[PDB]
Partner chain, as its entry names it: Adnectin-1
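One chain comes next, on its own, written as structure tokens: the form solved without the partner chain.
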């Protein structure tokens, strides 16, 4: 029941996802790992209290490495996972950038808007991709041979847990990535009218997809719930951006690609 234009729209989105999302994380290599063996700091202490996650490393030979993070005791041990998380966020950013650069609607935009759209949404599309590998039963993000296990009040798990409950299709996840990518009200966007029109289509296609393929009573209002997530994911964008900048101020860790996406000039 989709138009032919809507059908081709989903197929290009699925095609970009197919090409730029390494669901097995096979090419995530050479990453750093935790070492072996004033009112600011008190806020960064509270900030880093969500990164406390254990880390599992299953080798091809069958060996397994597990890391259990320390407990906060007023020192620098609270930064032990920052170098590794930065490498993973960077690998995730490269794939998100590759995702956008394949989409025709994205390439046709001016280069200054392409940069602005990526800067404003890169983190959101990363969270949407992580949710597809999130295991809500074990509280673990199964990233191929890597596993991030947790040691709902903290908004970005409430997001991940709720989004998994809706139990979406691959087509619905990638349509969400497009709506969040093509947000016309990011800082610095100039073709606001052109990007808003594109964003609308993506949203109307997602609405039509749900109504043609999901008649069950459990999926009543499903389109409106997704749009609520995206608004909620945008809020979690920005409150995590703040959190990032605060940790970076006292304890630098952001990679060059991260600095570029978060406006850090390096000076």
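Shifts are known only where both forms have a C-alpha. Under this definition, the rigid core comprises the largest set of C-alpha atoms superposing within 1.5 Å between the forms. Numbering follows the first chain given and starts at 1.
We do not show the form solved in complex with the partner chain, though everything after this point is about it.
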{"property": "Residue contact check: residue 19 to the partner chain in the deposited bound form, 4.5 Å heavy atom", "result": "yes"}
{"property": "4.5 Å heavy atom contact, residue 141 and the partner chain in the deposited bound form", "result": "no"}
{"property": "Residue contact check: residue 118 to the partner chain in the deposited bound form, 4.5 Å heavy atom", "result": "yes"}
{"property": "Non-hydrogen atom contact residue 135 with the partner chain in the deposited bound form at 4.5 angstroms", "result": "no"}
{"property": "Non-hydrogen atom within 4.5 angstroms of the partner chain in the deposited bound form for each of 90, 97 and 261", "result": "yes"}
{"property": "Residue (of 82, 149, 102, 126) lying close to the partner chain in the deposited bound form, criterion heavy atoms within 4.5 Å", "result": "102"}
{"property": "Members of 223 to 260 lying within 4.5 angstroms of the partner chain, judged by heavy atom, in the deposited bound form", "result": "256, 257, 260"}
{"property": "Shared-residue segments moving between the shown form and the other one, Cα shift 2 Å or more over 3+ consecutive positions, core-fitted", "result": "216 to 218"}
